[PDB]
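Q: Got a file for you: start-v9.txt, compact mmCIF, C-alpha atoms and all ligand atoms.
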# COMPACT_ATOMS: atom_id res chain seq x y z
CA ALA A 1 -32.15 -5.05 11.41
CA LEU A 2 -30.18 -4.56 8.15
CA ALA A 3 -30.51 -1.77 5.53
CA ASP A 4 -28.74 -1.30 2.25
CA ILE A 5 -25.83 1.09 2.77
CA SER A 6 -25.96 2.49 -0.79
CA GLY A 7 -28.83 4.63 0.49
CA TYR A 8 -26.54 6.57 2.92
CA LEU A 9 -23.49 7.35 0.79
CA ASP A 10 -23.81 11.12 1.12
CA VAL A 11 -21.78 10.65 4.34
CA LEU A 12 -18.85 10.19 1.88
CA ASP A 13 -19.17 13.80 0.83
CA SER A 14 -20.01 15.19 4.41
CA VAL A 15 -17.71 13.38 6.88
CA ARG A 16 -14.21 14.89 6.98
CA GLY A 17 -11.05 13.95 8.95
CA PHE A 18 -9.73 10.61 10.28
CA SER A 19 -11.58 10.51 13.58
CA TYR A 20 -14.30 8.16 12.09
CA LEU A 21 -11.46 5.57 11.69
CA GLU A 22 -11.77 4.89 15.45
CA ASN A 23 -15.10 3.34 14.72
CA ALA A 24 -13.66 1.33 11.80
CA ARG A 25 -10.90 -0.02 14.09
CA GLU A 26 -13.33 -1.11 16.85
CA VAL A 27 -15.81 -2.79 14.53
CA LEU A 28 -12.93 -4.76 12.92
CA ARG A 29 -11.40 -5.58 16.33
CA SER A 30 -14.68 -6.89 17.79
CA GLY A 31 -16.08 -8.42 14.62
CA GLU A 32 -19.42 -6.64 15.13
CA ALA A 33 -21.25 -3.31 15.06
CA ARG A 34 -24.07 -1.89 17.14
CA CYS A 35 -27.40 -0.97 15.56
CA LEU A 36 -28.00 2.74 14.92
CA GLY A 37 -31.43 4.06 16.00
CA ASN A 38 -31.03 6.97 13.68
CA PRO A 39 -28.34 6.09 11.09
CA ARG A 40 -28.62 9.57 9.52
CA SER A 41 -27.54 10.99 12.84
CA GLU A 42 -24.31 9.05 13.09
CA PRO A 43 -22.51 9.87 9.93
CA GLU A 44 -18.97 8.84 11.27
CA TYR A 45 -20.21 5.39 12.11
CA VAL A 46 -21.79 4.93 8.73
CA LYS A 47 -18.63 6.11 6.84
CA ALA A 48 -16.58 3.71 9.00
CA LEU A 49 -18.78 0.78 7.90
CA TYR A 50 -18.49 1.72 4.18
CA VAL A 51 -14.72 2.11 4.49
CA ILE A 52 -14.25 -1.43 5.96
CA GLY A 53 -16.40 -2.91 3.16
CA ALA A 54 -19.91 -3.24 4.67
CA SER A 55 -22.71 -3.18 2.09
CA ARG A 56 -25.40 -3.09 4.77
CA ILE A 57 -25.85 -0.99 7.92
CA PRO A 58 -27.25 -2.15 11.24
CA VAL A 59 -30.42 -0.28 12.07
CA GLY A 60 -32.51 -0.44 15.33
CA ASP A 61 -32.26 -0.38 19.15
CA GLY A 62 -29.81 -2.39 21.27
CA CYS A 63 -29.13 -5.06 18.58
CA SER A 64 -25.73 -5.69 16.87
CA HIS A 65 -24.66 -7.39 13.70
CA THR A 66 -21.47 -9.19 12.67
CA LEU A 67 -19.10 -8.32 9.77
CA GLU A 68 -20.53 -11.21 7.90
CA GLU A 69 -24.10 -9.90 8.38
CA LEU A 70 -23.02 -6.46 7.22
CA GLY A 71 -21.57 -7.87 4.01
CA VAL A 72 -17.85 -7.44 4.68
CA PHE A 73 -17.44 -11.00 3.49
CA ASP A 74 -20.02 -11.09 0.65
CA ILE A 75 -18.79 -12.81 -2.57
CA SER A 76 -19.09 -10.23 -5.34
CA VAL A 77 -17.67 -12.11 -8.37
CA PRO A 78 -20.15 -14.05 -10.68
CA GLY A 79 -18.68 -17.63 -10.83
CA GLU A 80 -18.85 -17.52 -14.60
CA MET A 81 -16.90 -14.15 -14.97
CA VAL A 82 -19.50 -12.52 -17.16
CA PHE A 83 -20.04 -8.72 -16.69
CA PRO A 84 -22.56 -6.27 -18.26
CA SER A 85 -20.01 -3.45 -18.56
CA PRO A 86 -16.40 -2.41 -17.88
CA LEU A 87 -17.16 -0.57 -14.59
CA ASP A 88 -19.30 -3.43 -13.33
CA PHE A 89 -16.27 -5.66 -14.21
CA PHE A 90 -14.01 -3.38 -12.14
CA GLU A 91 -16.43 -3.46 -9.20
CA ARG A 92 -17.62 -7.04 -9.07
CA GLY A 93 -14.55 -8.74 -10.59
CA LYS A 94 -12.80 -8.84 -7.18
CA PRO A 95 -10.70 -9.84 -5.19
CA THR A 96 -7.66 -9.61 -7.27
CA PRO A 97 -5.76 -12.98 -7.15
CA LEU A 98 -3.70 -13.94 -4.20
CA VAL A 99 -1.16 -16.58 -5.33
CA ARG A 100 1.37 -18.54 -3.31
CA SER A 101 4.82 -18.17 -4.77
CA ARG A 102 7.24 -21.15 -5.10
CA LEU A 103 10.00 -18.83 -3.81
CA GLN A 104 11.47 -20.01 -0.51
CA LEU A 105 12.39 -17.42 2.06
CA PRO A 106 14.60 -17.94 5.19
CA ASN A 107 13.07 -18.62 8.63
CA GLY A 108 9.60 -20.00 7.73
CA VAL A 109 8.38 -16.87 5.89
CA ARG A 110 5.82 -18.10 3.32
CA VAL A 111 5.18 -15.65 0.43
CA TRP A 112 1.86 -14.90 -1.32
CA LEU A 113 1.59 -12.35 -4.18
CA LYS A 114 -1.48 -10.20 -4.51
CA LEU A 115 -1.59 -9.39 -8.21
CA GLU A 116 -2.82 -5.89 -8.73
CA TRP A 117 -2.33 -5.98 -12.50
CA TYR A 118 -5.66 -7.86 -12.60
CA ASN A 119 -7.42 -4.42 -12.69
CA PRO A 120 -8.87 -3.81 -16.10
CA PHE A 121 -7.97 -0.15 -16.96
CA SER A 122 -4.31 0.51 -16.11
CA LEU A 123 -3.32 -3.15 -15.27
CA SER A 124 -2.28 -1.75 -11.93
CA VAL A 125 -3.35 -1.05 -8.37
CA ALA A 126 -4.03 2.65 -9.41
CA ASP A 127 -7.41 1.69 -10.95
CA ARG A 128 -8.92 1.51 -7.49
CA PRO A 129 -8.30 5.15 -6.38
CA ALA A 130 -9.22 6.36 -9.92
CA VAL A 131 -12.53 4.74 -9.74
CA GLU A 132 -13.34 5.90 -6.23
CA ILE A 133 -12.11 9.50 -6.87
CA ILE A 134 -14.10 10.02 -10.12
CA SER A 135 -17.15 8.31 -8.66
CA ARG A 136 -17.20 10.67 -5.70
CA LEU A 137 -16.85 13.63 -7.88
CA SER A 138 -19.57 12.54 -10.35
CA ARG A 139 -22.04 13.72 -7.70
CA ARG A 140 -20.96 17.38 -7.84
CA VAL A 141 -18.85 18.13 -10.92
CA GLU A 142 -20.69 18.70 -14.18
CA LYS A 143 -20.08 16.28 -17.12
CA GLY A 144 -17.67 17.50 -19.77
CA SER A 145 -15.50 19.11 -17.07
CA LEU A 146 -11.73 18.51 -17.17
CA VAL A 147 -10.03 16.48 -14.41
CA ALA A 148 -6.28 16.29 -13.96
CA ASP A 149 -3.37 15.05 -11.89
CA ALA A 150 0.38 14.46 -11.66
CA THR A 151 1.31 10.75 -12.00
CA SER A 152 4.34 8.44 -12.42
CA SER A 153 2.30 6.66 -15.16
CA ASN A 154 -0.29 4.24 -13.71
CA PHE A 155 -2.73 6.58 -12.03
CA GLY A 156 -2.86 8.78 -15.17
CA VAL A 157 -3.83 5.80 -17.33
CA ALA A 158 -6.55 4.72 -14.79
CA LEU A 159 -7.69 8.37 -14.52
CA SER A 160 -7.99 8.78 -18.35
CA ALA A 161 -10.00 5.53 -18.77
CA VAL A 162 -12.19 6.15 -15.80
CA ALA A 163 -12.89 9.82 -16.47
CA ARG A 164 -13.97 9.06 -19.94
CA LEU A 165 -16.35 6.25 -18.73
CA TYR A 166 -18.04 8.84 -16.44
CA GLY A 167 -18.29 11.72 -19.01
CA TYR A 168 -15.22 13.81 -18.02
CA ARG A 169 -12.19 14.98 -19.96
CA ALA A 170 -8.72 14.23 -18.49
CA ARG A 171 -5.32 15.74 -18.54
CA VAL A 172 -2.31 14.00 -17.13
CA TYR A 173 1.04 15.48 -16.09
CA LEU A 174 4.17 13.40 -16.08
CA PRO A 175 7.92 13.83 -15.39
CA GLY A 176 10.36 13.19 -18.30
CA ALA A 177 11.63 9.93 -16.67
CA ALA A 178 8.14 8.25 -16.78
CA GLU A 179 7.55 5.03 -18.73
CA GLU A 180 6.40 5.34 -22.28
CA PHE A 181 3.11 3.57 -21.58
CA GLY A 182 2.29 6.46 -19.20
CA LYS A 183 2.90 9.12 -21.84
CA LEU A 184 1.14 7.25 -24.59
CA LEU A 185 -1.79 5.26 -23.28
CA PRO A 186 -3.68 8.27 -21.94
CA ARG A 187 -3.80 9.74 -25.40
CA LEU A 188 -5.13 6.45 -26.75
CA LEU A 189 -7.82 6.76 -24.06
CA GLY A 190 -8.59 10.42 -25.27
CA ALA A 191 -6.80 12.42 -22.50
CA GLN A 192 -4.37 15.33 -23.00
CA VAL A 193 -0.82 14.58 -21.81
CA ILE A 194 1.78 17.06 -20.55
CA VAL A 195 5.31 15.82 -20.01
CA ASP A 196 7.84 17.91 -18.08
CA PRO A 197 11.41 16.95 -18.99
CA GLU A 198 12.62 19.28 -16.21
CA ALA A 199 10.62 17.61 -13.41
CA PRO A 200 12.78 15.12 -11.45
CA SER A 201 9.87 13.34 -9.70
CA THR A 202 6.13 13.33 -9.78
CA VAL A 203 5.66 15.46 -6.66
CA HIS A 204 7.93 18.07 -8.33
CA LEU A 205 5.07 18.60 -10.72
CA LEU A 206 2.42 19.38 -8.11
CA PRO A 207 3.05 23.22 -8.06
CA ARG A 208 2.55 23.45 -11.83
CA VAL A 209 -0.65 21.34 -11.70
CA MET A 210 -1.99 23.63 -8.94
CA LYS A 211 -1.07 26.79 -10.74
CA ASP A 212 -2.70 25.60 -14.04
CA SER A 213 -5.78 24.54 -11.99
CA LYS A 214 -6.20 28.17 -10.73
CA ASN A 215 -5.75 29.52 -14.21
CA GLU A 216 -7.87 27.09 -16.18
CA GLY A 217 -10.38 25.91 -13.69
CA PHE A 218 -9.95 22.19 -14.01
CA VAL A 219 -10.49 19.83 -11.06
CA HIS A 220 -7.18 18.71 -9.64
CA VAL A 221 -8.20 15.31 -8.17
CA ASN A 222 -4.82 15.15 -6.18
CA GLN A 223 -4.29 11.47 -5.57
CA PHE A 224 -1.54 12.53 -2.99
CA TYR A 225 -3.97 14.21 -0.75
CA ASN A 226 -7.42 12.91 -1.68
CA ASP A 227 -8.80 10.64 1.01
CA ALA A 228 -10.82 8.65 -1.53
CA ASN A 229 -7.48 7.06 -2.53
CA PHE A 230 -6.92 5.69 1.01
CA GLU A 231 -10.61 4.77 1.30
CA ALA A 232 -10.61 2.84 -2.01
CA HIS A 233 -7.84 0.59 -0.69
CA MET A 234 -9.50 0.15 2.71
CA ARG A 235 -12.71 -1.22 1.09
CA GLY A 236 -10.85 -2.95 -1.78
CA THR A 237 -7.21 -4.05 -1.42
CA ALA A 238 -7.07 -4.31 2.39
CA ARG A 239 -10.46 -5.82 3.01
CA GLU A 240 -9.59 -8.43 0.33
CA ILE A 241 -6.29 -9.34 2.08
CA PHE A 242 -8.31 -9.83 5.25
CA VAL A 243 -11.10 -11.88 3.64
CA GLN A 244 -8.60 -13.80 1.44
CA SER A 245 -6.42 -14.60 4.52
CA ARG A 246 -9.41 -15.96 6.45
CA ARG A 247 -11.14 -17.99 3.72
CA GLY A 248 -7.77 -19.04 2.41
CA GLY A 249 -6.75 -20.52 5.80
CA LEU A 250 -3.50 -18.45 5.90
CA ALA A 251 -1.71 -17.67 9.19
CA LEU A 252 -1.28 -14.09 8.25
CA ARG A 253 1.62 -12.50 9.98
CA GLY A 254 2.36 -9.52 7.73
CA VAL A 255 2.09 -7.62 4.43
CA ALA A 256 4.77 -6.08 2.31
CA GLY A 257 4.47 -3.32 -0.23
CA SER A 258 5.79 -0.16 -1.74
CA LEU A 259 4.82 3.59 -1.23
CA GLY A 260 3.86 6.09 -3.82
CA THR A 261 1.10 8.25 -2.49
CA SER A 262 1.06 5.60 0.35
CA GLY A 263 -2.63 4.94 -0.18
CA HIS A 264 -2.66 1.16 -0.64
CA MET A 265 -0.04 0.19 1.97
CA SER A 266 -1.55 2.50 4.63
CA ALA A 267 -4.91 0.97 4.05
CA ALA A 268 -3.47 -2.54 4.21
CA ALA A 269 -1.59 -1.91 7.45
CA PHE A 270 -4.32 0.07 9.12
CA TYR A 271 -7.06 -2.42 8.26
CA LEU A 272 -5.16 -5.62 9.22
CA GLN A 273 -3.64 -4.03 12.37
CA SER A 274 -7.19 -3.22 13.49
CA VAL A 275 -7.96 -6.86 13.31
CA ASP A 276 -4.65 -7.95 14.81
CA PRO A 277 -2.10 -5.36 15.91
CA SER A 278 0.87 -7.72 15.77
CA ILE A 279 0.56 -8.10 11.94
CA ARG A 280 3.68 -6.52 10.37
CA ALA A 281 3.84 -4.16 7.54
CA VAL A 282 7.21 -4.23 5.77
CA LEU A 283 7.60 -1.31 3.47
CA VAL A 284 10.08 -0.54 0.72
CA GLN A 285 12.47 2.47 0.94
CA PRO A 286 14.03 2.99 -2.48
CA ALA A 287 17.86 3.49 -1.85
CA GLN A 288 18.87 7.17 -2.09
CA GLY A 289 19.98 7.88 -5.64
CA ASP A 290 17.85 5.10 -7.12
CA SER A 291 14.69 5.46 -9.06
CA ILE A 292 12.25 2.58 -8.88
CA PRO A 293 9.19 3.54 -11.11
CA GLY A 294 5.97 4.39 -9.27
CA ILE A 295 7.48 4.67 -5.87
CA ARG A 296 9.45 6.92 -3.56
CA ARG A 297 11.12 7.47 -0.20
CA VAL A 298 8.98 8.14 2.93
CA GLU A 299 10.52 11.51 4.04
CA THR A 300 9.54 13.14 0.61
CA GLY A 301 5.92 13.69 1.92
CA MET A 302 3.21 11.01 2.32
CA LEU A 303 -0.12 11.61 3.88
CA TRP A 304 -1.75 8.43 5.33
CA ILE A 305 1.41 6.47 6.29
CA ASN A 306 2.39 9.50 8.39
CA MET A 307 -0.85 10.57 9.96
CA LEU A 308 -2.54 7.30 10.83
CA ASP A 309 -1.88 5.05 13.79
CA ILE A 310 0.03 2.36 11.79
CA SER A 311 3.17 0.26 12.68
CA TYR A 312 5.62 -0.41 9.97
CA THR A 313 9.24 -1.29 9.31
CA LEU A 314 11.28 0.08 6.47
CA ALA A 315 13.84 -1.73 4.24
CA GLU A 316 16.25 -0.11 1.78
CA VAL A 317 16.21 -1.67 -1.64
CA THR A 318 18.24 -0.54 -4.64
CA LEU A 319 16.82 -0.65 -8.21
CA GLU A 320 19.31 -3.37 -8.95
CA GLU A 321 17.92 -5.52 -6.09
CA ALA A 322 14.33 -4.84 -7.18
CA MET A 323 15.24 -6.09 -10.66
CA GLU A 324 17.03 -9.22 -9.31
CA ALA A 325 13.82 -10.02 -7.45
CA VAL A 326 11.79 -9.53 -10.70
CA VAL A 327 14.20 -12.05 -12.23
CA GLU A 328 13.83 -14.58 -9.37
CA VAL A 329 10.02 -14.47 -9.24
CA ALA A 330 9.80 -14.90 -12.98
CA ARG A 331 12.13 -17.94 -12.97
CA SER A 332 10.50 -19.38 -9.90
CA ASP A 333 6.80 -18.67 -10.55
CA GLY A 334 6.59 -17.88 -14.24
CA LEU A 335 4.92 -14.54 -13.25
CA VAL A 336 6.44 -11.35 -14.57
CA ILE A 337 6.03 -8.56 -11.84
CA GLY A 338 6.91 -4.86 -12.11
CA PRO A 339 9.91 -3.20 -10.47
CA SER A 340 7.96 -1.97 -7.42
CA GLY A 341 6.61 -5.52 -6.94
CA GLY A 342 10.20 -6.89 -7.04
CA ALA A 343 11.23 -4.19 -4.58
CA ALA A 344 8.56 -5.37 -2.09
CA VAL A 345 9.51 -9.09 -2.49
CA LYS A 346 13.13 -7.99 -1.84
CA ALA A 347 12.18 -5.99 1.25
CA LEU A 348 10.32 -8.97 2.65
CA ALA A 349 13.32 -11.30 1.88
CA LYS A 350 15.74 -8.93 3.74
CA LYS A 351 13.56 -8.87 6.82
CA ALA A 352 13.17 -12.62 6.61
CA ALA A 353 16.99 -13.14 6.39
CA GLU A 354 17.64 -10.94 9.46
CA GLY A 355 15.38 -13.06 11.69
CA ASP A 356 12.98 -10.14 12.22
CA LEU A 357 9.82 -11.97 11.11
CA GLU A 358 7.60 -14.61 12.67
CA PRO A 359 7.16 -17.75 10.57
CA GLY A 360 3.83 -17.77 8.77
CA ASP A 361 2.09 -16.34 5.73
CA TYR A 362 3.08 -12.89 4.39
CA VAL A 363 1.19 -11.13 1.54
CA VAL A 364 3.19 -9.04 -0.90
CA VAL A 365 1.08 -6.46 -2.88
CA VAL A 366 2.42 -6.46 -6.43
CA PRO A 367 1.33 -3.14 -7.99
CA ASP A 368 1.66 -4.01 -11.68
CA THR A 369 2.96 -6.27 -14.42
CA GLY A 370 6.61 -6.39 -15.56
CA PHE A 371 5.52 -6.45 -19.18
CA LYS A 372 5.42 -2.62 -19.03
CA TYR A 373 9.08 -2.26 -18.11
CA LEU A 374 11.03 -3.86 -20.97
CA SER A 375 14.05 -1.41 -20.88
CA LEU A 376 14.61 -2.15 -17.19
CA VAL A 377 14.13 -5.83 -17.84
CA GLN A 378 16.85 -5.65 -20.57
CA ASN A 379 19.21 -3.79 -18.17
CA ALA A 380 18.72 -6.36 -15.48
CA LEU A 381 19.54 -9.13 -17.97
CA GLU A 382 22.60 -6.88 -18.48
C1 LIG B 401 3.99 0.85 -10.25
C2 LIG B 401 3.55 1.40 -8.92
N1 LIG B 401 4.00 0.82 -7.79
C3 LIG B 401 3.65 1.29 -6.63
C4 LIG B 401 2.78 2.36 -6.48
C5 LIG B 401 2.45 2.80 -5.04
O1 LIG B 401 0.95 2.90 -4.68
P1 LIG B 401 0.68 4.25 -3.91
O2 LIG B 401 -0.03 5.43 -4.55
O3 LIG B 401 1.29 4.17 -2.40
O4 LIG B 401 -0.64 3.68 -3.42
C6 LIG B 401 2.31 2.96 -7.62
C7 LIG B 401 1.37 4.17 -7.43
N2 LIG B 401 1.58 5.14 -8.57
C8 LIG B 401 1.09 6.57 -8.57
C9 LIG B 401 2.03 7.49 -7.71
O5 LIG B 401 3.28 7.84 -8.29
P2 LIG B 401 4.19 8.62 -7.10
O6 LIG B 401 5.72 8.12 -7.01
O7 LIG B 401 4.34 10.22 -7.23
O8 LIG B 401 3.33 8.19 -5.82
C10 LIG B 401 0.95 6.98 -10.01
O9 LIG B 401 0.99 8.15 -10.32
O10 LIG B 401 0.73 6.13 -10.85
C11 LIG B 401 2.68 2.49 -8.90
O11 LIG B 401 2.27 3.06 -10.11
Can you present the structure in this file as structure tokens?
A:
Amino acid sequence: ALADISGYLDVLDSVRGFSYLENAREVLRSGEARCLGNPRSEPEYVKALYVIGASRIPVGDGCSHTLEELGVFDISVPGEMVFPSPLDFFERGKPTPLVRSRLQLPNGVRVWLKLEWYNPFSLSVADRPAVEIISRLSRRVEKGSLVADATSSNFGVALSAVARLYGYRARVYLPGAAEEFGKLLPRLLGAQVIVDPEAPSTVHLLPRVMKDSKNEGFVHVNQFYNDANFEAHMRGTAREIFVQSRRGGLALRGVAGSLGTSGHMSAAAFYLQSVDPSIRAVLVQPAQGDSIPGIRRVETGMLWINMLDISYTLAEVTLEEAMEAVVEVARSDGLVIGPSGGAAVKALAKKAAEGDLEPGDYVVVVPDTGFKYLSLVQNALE
């Protein structure tokens, strides 16, 4: 029998650790889930169903239910794109678009771009962990409280918009090299902004954010370490790639993407590899010395990509190459993607050129829109 999962969402605040992900993997592998006689007594199984995108739980004795029955494949978007409020727009206005590029890659690699700027608050993939993180906290943190984090730009914008929509104040910390939209748009959205010209990277800033958190008592939502980030992408980004691949008729052979906190690409690789373990994940390594906004090198400390049972391949990409790929996609598709999106197209093209990849459909997650990076666009034009 089926029950509405929204009833059982306290397992989100009681289950800890990654061991529940075994259940998520097996349900996705087998395409079905066993009924729970006492759902309240299996909180790991319930969390696993939420995390893969079920809206209903299987309840009863000996029965089982398919992904489709559990609502993994439910259509959420009203055909007419009308929404009673901004958060309902964020929630129901999904999947984000998956668009075949006209770009031709060597060796039968067909390229599809998943456009994460179609998120309403930061015009970036960072809306999704902001919403899930503030939502989970809205259960236990009193309204009016301050929330804060370190960001490269995007997550701090999404944080400021989302915290305000739920009744919280926000503070964002940024390094001096961050884009101007990152330092300015949070103030527009009513958040306090702290810029460190000394900080060379966003993780550099984490000790200061932690220290100020002890002194002032604000909630440090810590997108680097908060599992709600990874879980937002499992039930959003990754489940969409799966559902979009199936209903789209793609022969999905891999996904490509870039790593900041590593939340969205871990989710993508973990989720799809549960369904089919030969699916590649090609991941961008910014070249040592180079700064590509929003992203960073693996060895510098990433939670999910490291701890989860995920296969991936790295590719080194310089900022110059990322920008040449922004240029090619624009001229080829008329879409203007951000530097980290060009970096992932470039990483996929490298692997294609080397003969490493099966022919088929590859999805590239494009984190944001190039319109936000005019100085780098001007440099690339040269
Ligand atoms: C523009 C851009 N491109 C890629 C990413 C990577 O997503 P992840 O968190 O792996 O999921 C982001 C994410 N931006 C964060 C993190 O900045 P860091 O370099 O310290 O991870 C942000 O603060 O906005 C992004 O913005």
Q: Report, in Å to a single decimal, how far apart atom CA of residue A:1 and atom CA of residue A:54 are.
A: 14.1 Å
Q: As number ranges by chain, please: every protein or nucleic acid residue near ligand LIG 401 (chain B) (cut-off 8 Å, counting only C-alpha atoms and all ligand atoms).
A: A: 124-126, 150-157, 201-203, 223-224, 229-230, 257-266, 293-296, 338-341, 366-368
Q: Mind writing the picked residues with C-alpha atoms as a short mmCIF file (atom, residue, chain, number, x, y, z; two decimals), in the coordinates of the input?
A:
data_model
loop_
_atom_site.label_atom_id
_atom_site.label_comp_id
_atom_site.auth_asym_id
_atom_site.auth_seq_id
_atom_site.Cartn_x
_atom_site.Cartn_y
_atom_site.Cartn_z
CA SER A 124 -2.28 -1.75 -11.93
CA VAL A 125 -3.35 -1.05 -8.37
CA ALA A 126 -4.03 2.65 -9.41
CA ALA A 150 0.38 14.46 -11.66
CA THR A 151 1.31 10.75 -12.00
CA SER A 152 4.34 8.44 -12.42
CA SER A 153 2.30 6.66 -15.16
CA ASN A 154 -0.29 4.24 -13.71
CA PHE A 155 -2.73 6.58 -12.03
CA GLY A 156 -2.86 8.78 -15.17
CA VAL A 157 -3.83 5.80 -17.33
CA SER A 201 9.87 13.34 -9.70
CA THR A 202 6.13 13.33 -9.78
CA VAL A 203 5.66 15.46 -6.66
CA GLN A 223 -4.29 11.47 -5.57
CA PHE A 224 -1.54 12.53 -2.99
CA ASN A 229 -7.48 7.06 -2.53
CA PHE A 230 -6.92 5.69 1.01
CA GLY A 257 4.47 -3.32 -0.23
CA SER A 258 5.79 -0.16 -1.74
CA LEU A 259 4.82 3.59 -1.23
CA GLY A 260 3.86 6.09 -3.82
CA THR A 261 1.10 8.25 -2.49
CA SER A 262 1.06 5.60 0.35
CA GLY A 263 -2.63 4.94 -0.18
CA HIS A 264 -2.66 1.16 -0.64
CA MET A 265 -0.04 0.19 1.97
CA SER A 266 -1.55 2.50 4.63
CA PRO A 293 9.19 3.54 -11.11
CA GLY A 294 5.97 4.39 -9.27
CA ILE A 295 7.48 4.67 -5.87
CA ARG A 296 9.45 6.92 -3.56
CA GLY A 338 6.91 -4.86 -12.11
CA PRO A 339 9.91 -3.20 -10.47
CA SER A 340 7.96 -1.97 -7.42
CA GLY A 341 6.61 -5.52 -6.94
CA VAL A 366 2.42 -6.46 -6.43
CA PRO A 367 1.33 -3.14 -7.99
CA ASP A 368 1.66 -4.01 -11.68
#
Q: May I ask for the distance between atom CA of residue A:81 and atom CA of residue A:365, given in Å to one decimal place?
A: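 Spanning atom CA of residue A:81 to atom CA of residue A:365 is a straight-line distance of 23.0 Å.
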Q: Just give me the gap between atom CA of residue A:302 and atom CA of residue A:222 in Å, one decimal is fine.
A: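 A separation of 12.4 Å between them.
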Q: Find, counting only C-alpha atoms, the residue in A:374, A:57, A:159, A:188 that gets nearest to residue A:42.
A: A:57
Q: Which residues, written as a PyMOL selection string, have at least one atom at most 9 Å from stretch 25-27 of chain A, with only C-alpha atoms counted and residues fewer than 4 positions away on the same chain left out?
A: chain A and resi 21+31-34+48-49+52+66-67+270-271+273-275
Q: Residues within 6 Å of residue A:337, please, as a ChimeraX atom specification. Count all atoms listed in the file; anything in the same chain fewer than 2 positions from it doesn't count.
A: /A:326,341,369-370
Q: Within 9 Å of residue A:146, counting all atoms listed in the file, which residues qualify if same-chain residues fewer than 5 places away don't, as a list in words?
A: residues 163, 168, 169, 170, 171, 217, 218, 219 and 220 of chain A
Q: Create the file for the chosen residues now, containing C-alpha atoms and written as a CSV table (one decimal), in the coordinates of the input.
A:
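The resulting file, out.csv, is shown below:
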chain,number,residue,atom,x,y,z
A,163,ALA,CA,-12.9,9.8,-16.5
A,168,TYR,CA,-15.2,13.8,-18.0
A,169,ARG,CA,-12.2,15.0,-20.0
A,170,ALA,CA,-8.7,14.2,-18.5
A,171,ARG,CA,-5.3,15.7,-18.5
A,217,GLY,CA,-10.4,25.9,-13.7
A,218,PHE,CA,-10.0,22.2,-14.0
A,219,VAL,CA,-10.5,19.8,-11.1
A,220,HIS,CA,-7.2,18.7,-9.6
Q: Which residue out of A:334, A:58, A:129, A:176 has the minimum interatomic distance to residue A:35 when all atoms listed in the file are used?
A: A:58
Q: Looking at A:235, A:372, A:56, A:204, which one is nearest to residue A:179, with distances taken over only C-alpha atoms?
A: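 Counting only C-alpha atoms, the residue closest to residue A:179 is A:372.
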Q: Find the residues near stretch 351-354 of chain A: any atom within 10 Å, counting only C-alpha atoms, skip ones fewer than 4 places away on the same chain, and give them as a PDB file with C-alpha atoms, in the coordinates of the input.
A:
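out08.pdb, freshly written:
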ATOM      1  CA  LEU A 105      12.390 -17.420   2.060  1.00  0.00           C
ATOM      2  CA  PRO A 106      14.600 -17.940   5.190  1.00  0.00           C
ATOM      3  CA  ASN A 107      13.070 -18.620   8.630  1.00  0.00           C
ATOM      4  CA  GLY A 108       9.600 -20.000   7.730  1.00  0.00           C
ATOM      5  CA  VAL A 109       8.380 -16.870   5.890  1.00  0.00           C
ATOM      6  CA  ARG A 110       5.820 -18.100   3.320  1.00  0.00           C
ATOM      7  CA  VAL A 282       7.210  -4.230   5.770  1.00  0.00           C
ATOM      8  CA  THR A 313       9.240  -1.290   9.310  1.00  0.00           C
ATOM      9  CA  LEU A 314      11.280   0.080   6.470  1.00  0.00           C
ATOM     10  CA  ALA A 315      13.840  -1.730   4.240  1.00  0.00           C
ATOM     11  CA  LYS A 346      13.130  -7.990  -1.840  1.00  0.00           C
ATOM     12  CA  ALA A 347      12.180  -5.990   1.250  1.00  0.00           C
ATOM     13  CA  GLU A 358       7.600 -14.610  12.670  1.00  0.00           C
ATOM     14  CA  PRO A 359       7.160 -17.750  10.570  1.00  0.00           C
TER      15      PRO A 359
END
Q: Between A:268, A:284, A:307, A:11, single out the one closest to residue A:240, counting all atoms listed in the file.
A: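 The shortest atom-to-atom distance to residue A:240 comes from A:268.
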Q: Counting all atoms listed in the file, which of A:12, A:298, A:363, A:243 gets nearest to residue A:256?
A: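 With all atoms listed in the file as the atom set, the closest residue is A:363.
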Q: Which residues of stretch 158-272 of chain A sit at most 12 Å from stretch 112-120 of chain A, using only C-alpha atoms? Give each one's shortest atom pair and distance in Å (one decimal place), in chain and ascending residue order, as a tab-separated table.
A:
residue	atom	partner	partner_atom	distance
A:158	CA	A:120	CA	8.9
A:161	CA	A:120	CA	9.8
A:162	CA	A:120	CA	10.5
A:233	CA	A:116	CA	11.5
A:236	CA	A:116	CA	11.0
A:237	CA	A:116	CA	8.7
A:238	CA	A:114	CA	10.7
A:240	CA	A:114	CA	9.6
A:241	CA	A:114	CA	8.2
A:242	CA	A:114	CA	11.9
A:244	CA	A:114	CA	10.0
A:245	CA	A:112	CA	10.1
A:248	CA	A:112	CA	11.1
A:250	CA	A:112	CA	9.7
A:251	CA	A:112	CA	11.4
A:252	CA	A:112	CA	10.1
A:253	CA	A:112	CA	11.6
A:254	CA	A:112	CA	10.5
A:255	CA	A:112	CA	9.3
A:256	CA	A:113	CA	9.6
A:257	CA	A:114	CA	10.1
A:264	CA	A:116	CA	10.7
A:268	CA	A:114	CA	11.8
